[PDB]
Each structure stands twice: as C-alpha cells, then as structure tokens.
C-alpha cells in the first residue's frame, strides 16, 4: 500500500479534461485519500514542487504555466500506486508517450502534459508534504 501525489495541471482545466484524467485513475480502482483544489497555486509551492528542476532552462516557463490556471492536487492510495499511476500517466515526451496512457492519448506537448505523478517513494512523501502540509 503506497500513497502518491497527483497534480491535474492547468491545461486539463483549459481543455476540459479533468474528469477524463481522474476517471482513468478511478477506473483502475485507486482511492482518493486527500484532494485540494487551487484556483491558482502559489508560485513558491510550484517552485518547491519542481525544486529539482531549478537549473533547467524550462524552469521559469514551467512555473509560469503551472500558475496559469487552476490545479487539483490529489493523494491516491493503492498497492504499488506510485509506479502504477506513473505508467498510466505516460512518458513526458510526446514522441514517446504510448497510446492508452493519459499523455499518449491526450497530451501533445512536453510542457503542457496534463498531469503530474510522483516518480518514487522518496518523492511521493516529499510532494505530499508540500501540497498537504
């Protein structure tokens, strides 16, 4: 039994894909443990969430985008939930995300990619404490 942190990103709201994305995780039988809606996430929370990317050239564009619209943060719970939800998510790169995955079916940009999911046990605990302190 693991908990992972999911963000529904502003592009999901703009494109009306919130339910589509949440439904894919719901149908896989993962349960919501916590959920928070953000009309606009504070930029500092975004910078902490993406602290590992602070020196990447895309960091500021990434942060601008993540504050461009609403976000839903969700803690999902289930056996091996972290790796399983990552697999549903699909690869970051639109050249690689597989059809059948969320990004593979729905995303067409490396930045505007609809959804975040924690990539490891270590980062799950981290991100959960950022969004649900």
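Positions refer to the first chain, counted from 1.
Here the stretch with the larger average CA B-factor, out of 60-68 and 96-104, is 60-68.
Of the two segments, 85-93 and 48-56, the one listed with the higher mean B-factor is 48-56 (C-alpha atoms only). Among all modelled residues in this chain, the alpha-carbon of residue 33 has a temperature factor (C-alpha) in the highest third. Ranked within its chain, residue 21 lands in the lowest third, by CA B factor from the PDB record. Annotation for residue 124: C-alpha temperature factor in the middle third relative to the rest of the modelled chain, per the entry.
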